[PDB]
Amino acid sequence: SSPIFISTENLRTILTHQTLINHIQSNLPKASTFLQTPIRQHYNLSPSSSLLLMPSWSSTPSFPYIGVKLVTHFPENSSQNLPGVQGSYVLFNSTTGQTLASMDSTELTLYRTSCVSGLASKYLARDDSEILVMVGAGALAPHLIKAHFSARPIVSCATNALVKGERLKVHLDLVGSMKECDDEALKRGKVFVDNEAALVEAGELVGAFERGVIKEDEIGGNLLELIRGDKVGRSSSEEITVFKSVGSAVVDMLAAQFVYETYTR
Amino acid sequence: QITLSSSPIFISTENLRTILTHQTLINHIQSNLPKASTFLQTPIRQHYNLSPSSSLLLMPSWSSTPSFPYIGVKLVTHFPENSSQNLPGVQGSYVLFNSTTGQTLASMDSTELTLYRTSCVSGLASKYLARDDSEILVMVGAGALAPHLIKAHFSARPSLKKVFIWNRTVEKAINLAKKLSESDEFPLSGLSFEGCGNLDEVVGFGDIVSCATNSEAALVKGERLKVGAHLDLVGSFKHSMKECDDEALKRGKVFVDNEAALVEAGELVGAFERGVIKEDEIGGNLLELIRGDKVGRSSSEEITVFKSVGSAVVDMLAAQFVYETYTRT
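Those sequence lines, one after another, are chains B and A.
According to PDB author numbering, the first sequence holds residues 13 to 165, 215 to 221, 225 to 234, 237 to 242, 247 to 335 in order.
Position one of the second sequence corresponds to residue 8 (PDB author numbering), numbered consecutively onward.
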């Protein structure tokens, strides 16, 4: 009857990066087919504040969920120990319309992006363990450690610090807008993204497109094509791979669904 | 004053019921409507056709004025064919945020919150429009809104002594009257309740006539209104049948809960479109009566009419009241 409040500790209890990685991996094709995702709604609430509404839904009974992410951006909060990005994700039953569950948007985002990048390591990191680099010690760091270790039982950039392509050992995992890689960390090899939107949102990508170092033909594919195998992952030995993630409503929905479903057994 | 939280708080419907009373919410609306209306920013709603038979609405509002530091988003789903499965068609959640820092503060059921907000807007309106010697309330409709509206009008007018509850299926009215008579609730003991099946016989009894309806059989015909009656036309989301005829608006002075009623109330729009009333002659909105810019009941013989749709500002007032009361325990 009632919707269920999933606090942050509930999220940490029920979720594991391994199982969420596998869930995303096995359901991203069908979910990307069936989920509807309108453009986001953005409102600033004051010269320094903003609200974002991100709905999504599938009304095919094979995936019966409506989701709405509500996000506040208060950047100046960072000048006072306050977090800039906050919010809640609300899940509804798409057959009856009942509110099913609500959970903290930023924690779910941590899990979502960390396991997306872990699944990307599944296709693009070479089979090498205990060799992990992490740039920054933000809240994303333990999440990304656990995800990458689940994938590869590589250097992940989640805090922002600029890494340069001349240093890198002969996989770079960029989390999404401040400089993260030099112009030609994309020189070395094949650059992959989580979805089409990255091609217009990642500052480094379209910035490298400005100066003409790479064309859009030269992008090696997105996470869906790699999962499916339509575009090949790592092919060489000491090859170059990078994966730039910006996020998508579809992965947010997959994660919210997994939380709610495995919480209710 | 007390317990704050850096987590959002889930206020259940049962929590809503033990937290709110109709009188306290009436007073909170009365004393904070002018403020909130001045400061709240409400852009156009967002509507999404989810399916040939279902839709999603998002209504955000915010005030970045620290004397009223809240952001609110009402998320509402409409699944009309749910009535075929004996399920509710209008569901959703209200999410409240701190507008100074941006943190999520509380979430609550939008449908229950709407019952409380709608009923208490009508009751507050009664304090300005119903005669203070009102003794008889006629409730047209025995649905979910009816007990709320009875309690709100009684808190508005404690001189009330008899309630007549009409419903097309009279047994629903008799059952509700029986339950309210045995209720034991304190804003309900100095009252008698009676169910009836013939609307035309009892409309003339009402010093207050409150209508929460959506059918042709529930039409309140203006000719049968008693002199000095106050007629409370309660609108609900996705309910579009006329609650009264043109004569009821012709006989009385018409007030609205806010300006949107003048374009959303089917009754008003048809009245305007046929010449029975004239828009500039509307008595005023609830904000104007509260702040004293327009007077309400002018005579003890006058017919008053109060038409309400809803407003984000009162949604926000109710959600704010629930949150702040929860934190003040």
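Where is the CB? At the ideal position from N, CA and C, for every residue including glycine.
Around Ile51 of chain B, no beta-carbon contact reaches into chain A at under 8 Å, the shortest distance being about 10 Å. Look at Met323 of chain B here: in three-state DSSP terms it is helix. The beta-carbon of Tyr135 of chain A is placed no less than 8 Å from the nearest beta-carbon of chain B.
Remark: C-beta atoms of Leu32 of chain A and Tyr123 of chain A approach each other more closely than 8 Å.
Counting only the Cα atoms, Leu40 of chain B lies some 25 Å from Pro15 of chain B. Counting along the chain, the unbroken alpha helix (DSSP H) around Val128 of chain A starts and ends at 117 to 136. Boundaries for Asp264 of chain B: no alpha helix (DSSP H) harbours it, and the DSSP string shows neither H nor E there. Remark: C-beta atoms of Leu136 of chain B and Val241 of chain B do not approach each other more closely than 8 Å. For a Cβ distance threshold of 8 Å, residue set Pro15, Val102, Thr111, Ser114 of chain A lies close to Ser100 of chain B, ordered along the chain.
Straight across, the Cα-Cα distance linking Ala224 of chain A with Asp252 of chain A is about 12 Å.
Cβ-Cβ distances below 8 Å link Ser222 of chain A to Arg175, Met248 in the same chain, with the five nearest sequence neighbours on each side left out; the list follows chain order. At a cut-off of 8 Å between beta carbons, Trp173 of chain A makes no contact with chain B.
For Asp239 of chain A, there is no enclosing alpha helix (DSSP H); the residue is found in the beta strand (DSSP E) stretching over 237 to 241. Each of A:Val128, A:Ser162, A:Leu131 was checked against the Cα of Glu142 of chain A, and the nearest Cα belongs to A:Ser162. DSSP assignment within the stretch 249 to 306 of chain B yields the following whole alpha helix (DSSP H) runs of 4 residues or more, N-terminal first: 268 to 271, 273 to 280, 293 to 298.
In its chain, beyond the 5 residues on either side, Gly229 have a beta carbon closer than 6 Å to the beta carbon of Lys257 of chain B. Here the stretch 258 to 265 of chain B makes contact with the stretch 304 to 318 of chain B; the two share three or more CB pairs at distances below 8 Å. Boundaries cannot be given for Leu47 of chain B, as no alpha helix (DSSP H) includes it and DSSP labels it neither H nor E. Between the alpha carbons of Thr108 of chain A and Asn22 of chain A lies a gap of roughly 26 Å. Within the same chain, and ignoring the five residues on either side of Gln8 of chain A in sequence, the residues whose Cβ sits closer than 7 Å to its Cβ are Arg335. Put simply, the stretch 92 to 106 of chain A does not touch the stretch 180 to 192 of chain A. Fewer than three CB pairs are less than 8 Å apart.
Around the beta carbon of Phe193 of chain A, fewer than 16 other beta carbons lie within 10 angstroms, which makes this residue exposed. Nearest CB-CB separation between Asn265 of chain A and chain B: not below the 8 Å threshold. DSSP, reduced to helix, strand and coil, places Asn22 of chain A within a helical segment of the structure shown. With respect to the 8 Å criterion, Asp191 of chain A and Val216 of chain A are not classified as neighbours on the basis of their beta carbons. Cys203 of chain A places its beta carbon less than 8 Å from that of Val177 of chain A. The residue from A:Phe200, A:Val80, A:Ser60 with its alpha-carbon nearest to that of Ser91 of chain A is A:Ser60.
Under DSSP, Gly79 of chain B forms a beta bridge with B:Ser68, B:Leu103. Look at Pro67 of chain B: its C-beta is under 8 Å from a C-beta on chain A. When only Cα atoms are considered, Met323 of chain B and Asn105 of chain A end up about 25 Å apart. Below the 7 Å Cβ cutoff, chain B contributes no neighbours of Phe75 of chain A, its closest Cβ being approximately 13 Å away.
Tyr55 of chain B is bridged by DSSP to B:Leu63. In this structure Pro67 of chain B touches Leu63 of chain A by the C-beta definition: roughly 6 Å separates them, less than 8 Å. About 5 Å separates the beta carbons of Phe200 of chain A and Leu187 of chain A, which is inside the 8 Å limit, making them a contact pair.
Close partners of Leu152 of chain B in chain A (Cβ separation under 8 Å) are lacking, with about 20 Å as the shortest Cβ gap. Within the same chain, Cβ atoms closer than 7 Å to the Cβ of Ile36 of chain B are found at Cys127, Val128, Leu131, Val321, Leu324, the five residues on either side in sequence being excluded.
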